[PDB]
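Trainee: Take a look at this one; I'll ask things after.
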Amino acid sequence: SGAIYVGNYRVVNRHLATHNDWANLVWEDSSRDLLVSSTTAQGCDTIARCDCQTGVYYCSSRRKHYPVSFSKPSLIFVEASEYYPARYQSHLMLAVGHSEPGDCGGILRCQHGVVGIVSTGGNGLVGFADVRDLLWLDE
Ligand SMILES: Cn1nc(C(=O)NCCc2cscn2)c2ccccc21
Ligand SMILES: [Zn+2]
């Protein structure tokens, strides 16, 4: 689990979105595993606007943060789960690192702020859903 709070928005994995997230829907993209909902309270996380390929991510299955090198956001074929069939997920970044299904929602951060959130994994690789291109989150 996990979410990013910026301004009047909440950014979550689309497959983990609650009934309340869907009732206050702003934007969703099934190909990216992302959903954004509106909030009453003002969030204060900072979104990174950069092309960093190094950062740190939170791994709840180990209660630890790991520093990683990750690829640039792209279109990668990912295997099926109970939430999605096997498909091409877009705006996805991979890194060598540990992850489990329950780790989805953990934030990946660089010196500039929040880069994205854990969304896919397997074979000793962890995938993150990029949020740096969503410029409207700051207004
Ligand atoms: C981080 N992580 N996530 C999952 C997962 O099944 N849930 C996401 C659902 C999904 C499927 S394709 C994009 N999102 C996973 C499975 C094994 C190991 C690590 C993992
Ligand atoms: Zn950066």
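Numbering starts fresh at 1 for the residues of each chain in the structure tokens, the chains themselves are lettered A, B, ... in the order given, and ligands are numbered from 1 as they appear.
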What do you get as a compact mmCIF listing (two decimals) with N, CA and C atoms, in the first residue's frame if you pick all residues at most 9 Å from ligand 1, counting only C-alpha atoms and all ligand atoms?

Mentor:
# COMPACT_ATOMS: atom_id res chain seq x y z
N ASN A 13 -1.95 3.49 -6.85
CA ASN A 13 -1.97 2.46 -7.88
C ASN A 13 -3.46 2.27 -8.23
N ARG A 14 -3.77 2.18 -9.53
CA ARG A 14 -5.16 2.03 -9.97
C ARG A 14 -5.78 0.75 -9.40
N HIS A 15 -5.00 -0.35 -9.33
CA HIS A 15 -5.55 -1.62 -8.81
C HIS A 15 -5.81 -1.61 -7.29
N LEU A 16 -5.21 -0.65 -6.56
CA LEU A 16 -5.44 -0.52 -5.13
C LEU A 16 -6.41 0.62 -4.77
N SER A 31 -3.38 1.45 -18.53
CA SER A 31 -2.09 1.03 -19.09
C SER A 31 -0.89 1.44 -18.23
N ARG A 32 -1.07 2.40 -17.31
CA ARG A 32 -0.02 2.90 -16.41
C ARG A 32 -0.18 2.44 -14.95
N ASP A 33 -1.33 1.82 -14.59
CA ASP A 33 -1.64 1.43 -13.21
C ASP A 33 -1.73 2.66 -12.31
N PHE A 77 6.47 -5.14 -21.67
CA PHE A 77 5.47 -6.19 -21.54
C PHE A 77 5.67 -6.80 -20.13
N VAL A 78 4.59 -6.87 -19.33
CA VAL A 78 4.58 -7.38 -17.96
C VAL A 78 3.56 -8.52 -17.86
N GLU A 79 3.87 -9.54 -17.06
CA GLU A 79 3.00 -10.70 -16.89
C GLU A 79 1.71 -10.41 -16.10
N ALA A 80 0.73 -11.33 -16.19
CA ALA A 80 -0.57 -11.19 -15.54
C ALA A 80 -0.52 -11.29 -14.03
N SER A 81 -1.53 -10.69 -13.38
CA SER A 81 -1.88 -10.79 -11.96
C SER A 81 -3.43 -10.99 -11.91
N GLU A 82 -4.04 -11.00 -10.72
CA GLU A 82 -5.51 -11.06 -10.63
C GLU A 82 -6.17 -9.72 -10.99
N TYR A 83 -5.40 -8.63 -11.12
CA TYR A 83 -5.93 -7.31 -11.44
C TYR A 83 -5.84 -6.98 -12.92
N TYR A 84 -4.85 -7.56 -13.63
CA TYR A 84 -4.64 -7.29 -15.04
C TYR A 84 -4.18 -8.54 -15.76
N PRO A 85 -4.60 -8.72 -17.02
CA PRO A 85 -3.98 -9.79 -17.84
C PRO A 85 -2.55 -9.36 -18.26
N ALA A 86 -1.78 -10.26 -18.90
CA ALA A 86 -0.43 -9.89 -19.37
C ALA A 86 -0.60 -8.84 -20.48
N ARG A 87 0.16 -7.73 -20.39
CA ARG A 87 -0.01 -6.64 -21.32
C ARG A 87 1.24 -5.74 -21.37
N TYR A 88 1.18 -4.67 -22.18
CA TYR A 88 2.23 -3.68 -22.23
C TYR A 88 1.85 -2.56 -21.26
N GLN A 89 2.64 -2.37 -20.19
CA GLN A 89 2.40 -1.27 -19.27
C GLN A 89 3.27 -0.10 -19.74
N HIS A 98 14.47 -6.08 -4.67
CA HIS A 98 13.41 -6.92 -4.12
C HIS A 98 12.08 -6.21 -4.06
N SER A 99 11.02 -6.98 -4.30
CA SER A 99 9.64 -6.51 -4.18
C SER A 99 8.68 -7.69 -4.12
N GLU A 100 7.52 -7.47 -3.51
CA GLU A 100 6.41 -8.41 -3.37
C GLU A 100 5.10 -7.67 -3.71
N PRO A 101 3.99 -8.38 -4.02
CA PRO A 101 2.76 -7.67 -4.40
C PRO A 101 2.32 -6.55 -3.45
N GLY A 102 2.46 -6.76 -2.13
CA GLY A 102 2.09 -5.79 -1.10
C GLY A 102 2.97 -4.55 -1.03
N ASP A 103 4.11 -4.57 -1.75
CA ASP A 103 5.01 -3.43 -1.82
C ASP A 103 4.51 -2.33 -2.78
N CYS A 104 3.46 -2.61 -3.59
CA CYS A 104 2.89 -1.62 -4.51
C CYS A 104 2.39 -0.40 -3.71
N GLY A 105 2.80 0.78 -4.11
CA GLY A 105 2.46 2.00 -3.39
C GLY A 105 3.64 2.68 -2.71
N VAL A 118 5.87 1.99 -6.67
CA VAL A 118 5.97 0.56 -7.00
C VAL A 118 4.66 0.06 -7.60
N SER A 119 4.74 -0.69 -8.71
CA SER A 119 3.58 -1.19 -9.42
C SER A 119 3.72 -2.63 -9.92
N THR A 120 4.91 -3.04 -10.35
CA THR A 120 5.14 -4.40 -10.86
C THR A 120 6.44 -5.01 -10.27
N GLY A 121 6.62 -6.32 -10.40
CA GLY A 121 7.83 -6.97 -9.92
C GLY A 121 7.87 -8.44 -10.25
N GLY A 122 9.06 -9.01 -10.14
CA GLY A 122 9.30 -10.42 -10.41
C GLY A 122 10.72 -10.65 -10.89
N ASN A 123 11.28 -11.85 -10.67
CA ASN A 123 12.63 -12.20 -11.14
C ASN A 123 13.77 -11.31 -10.56
N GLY A 124 13.56 -10.73 -9.39
CA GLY A 124 14.54 -9.84 -8.79
C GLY A 124 14.55 -8.43 -9.38
N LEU A 125 13.49 -8.05 -10.08
CA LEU A 125 13.34 -6.73 -10.68
C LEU A 125 12.10 -6.04 -10.10
N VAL A 126 12.17 -4.72 -9.85
CA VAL A 126 11.04 -3.95 -9.35
C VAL A 126 10.66 -2.86 -10.37
N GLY A 127 9.38 -2.74 -10.68
CA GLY A 127 8.90 -1.74 -11.62
C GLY A 127 8.17 -0.59 -10.95
N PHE A 128 8.46 0.64 -11.37
CA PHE A 128 7.82 1.84 -10.82
C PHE A 128 7.01 2.60 -11.89

Trainee: May I have the residues within 12 Å of residue 52 (chain A) as an NGL selection string, using only C-alpha atoms and disregarding those fewer than 3 positions away in the same chain?

Mentor: :A and (48-49 or 55-56 or 68-73 or 93 or 108-116 or 130 or 132)

Trainee: Check the smallest atom-to-atom distance from each of A:137, A:92, A:25, A:47 to residue 76 (chain A) using only C-alpha atoms, then report the winner.

Mentor: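 Checking each candidate against residue 76 (chain A), we get A:92 as the closest.
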
Trainee: Hey, what's within 8 Å of residue 4 (chain A) if we count only C-alpha atoms and toss same-chain stuff fewer than 3 positions away? As a list in words, please?

Mentor: residues 10, 11, 12, 45 and 107 of chain A

Trainee: Output the selection as an mmCIF file, in the first residue's frame - C-alpha atoms for each residue.

Mentor:
data_model
loop_
_atom_site.group_PDB
_atom_site.id
_atom_site.type_symbol
_atom_site.label_atom_id
_atom_site.label_comp_id
_atom_site.auth_asym_id
_atom_site.auth_seq_id
_atom_site.Cartn_x
_atom_site.Cartn_y
_atom_site.Cartn_z
ATOM 1 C CA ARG A 10 -4.090 11.752 -4.034
ATOM 2 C CA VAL A 11 -2.072 9.491 -6.406
ATOM 3 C CA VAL A 12 -2.470 5.724 -5.936
ATOM 4 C CA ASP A 45 4.710 16.079 -1.119
ATOM 5 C CA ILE A 107 7.545 5.727 -3.264
#

Trainee: DSSP on the backbone, then: every residue of region 60-137 of chain A marked strand (DSSP E or B), written as number ranges by chain.

Mentor: A: 64-70, 74-78, 87-96, 107-110, 113-122, 125-130

Trainee: Given the choices A:61, A:8, A:1, A:54, which gets closest to ligand 2 if the distance is worked out from only C-alpha atoms and all ligand atoms?

Mentor: A:54

Trainee: For each of A:46, A:30, A:39, A:24, take the minimum atom-to-atom distance to ligand 2, counting only C-alpha atoms and all ligand atoms, then give the residue where this is smallest.

Mentor: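 For ligand 2, the nearest of the candidates is A:46.
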
Trainee: Identify which of the residues A:7, A:38, A:53, A:29 lies closest to ligand 2, counting only C-alpha atoms and all ligand atoms when measuring atom-to-atom distances.

Mentor: A:53

Trainee: Between A:91, A:117, A:20, A:35, single out the one closest to residue 133 (chain A), counting only C-alpha atoms.

Mentor: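 Distance minimum relative to residue 133 (chain A) lands on A:91.
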
Trainee: Run DSSP on the backbone of this structure and report the residues of chain A it assigns to alpha helix (DSSP H), as a PyMOL selection string.

Mentor: chain A and resi 19-23

Trainee: Would you mind exporting N, CA and C atoms of the selected residues as a PDB file, in the first residue's frame?

Mentor:
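Writing the result to selection-v5.pdb gives the following:
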ATOM      1  N   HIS A  19     -13.218   2.665  -3.051  1.00  0.00           N
ATOM      2  CA  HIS A  19     -14.508   3.183  -3.512  1.00  0.00           C
ATOM      3  C   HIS A  19     -14.506   4.717  -3.451  1.00  0.00           C
ATOM      4  N   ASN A  20     -13.894   5.284  -2.409  1.00  0.00           N
ATOM      5  CA  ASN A  20     -13.828   6.727  -2.269  1.00  0.00           C
ATOM      6  C   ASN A  20     -12.941   7.391  -3.324  1.00  0.00           C
ATOM      7  N   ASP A  21     -11.865   6.713  -3.748  1.00  0.00           N
ATOM      8  CA  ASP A  21     -10.994   7.229  -4.804  1.00  0.00           C
ATOM      9  C   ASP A  21     -11.790   7.299  -6.112  1.00  0.00           C
ATOM     10  N   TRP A  22     -12.564   6.234  -6.421  1.00  0.00           N
ATOM     11  CA  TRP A  22     -13.360   6.195  -7.643  1.00  0.00           C
ATOM     12  C   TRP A  22     -14.503   7.228  -7.641  1.00  0.00           C
ATOM     13  N   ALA A  23     -15.122   7.491  -6.465  1.00  0.00           N
ATOM     14  CA  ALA A  23     -16.183   8.495  -6.269  1.00  0.00           C
ATOM     15  C   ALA A  23     -15.655   9.935  -6.452  1.00  0.00           C
TER      16      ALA A  23
END
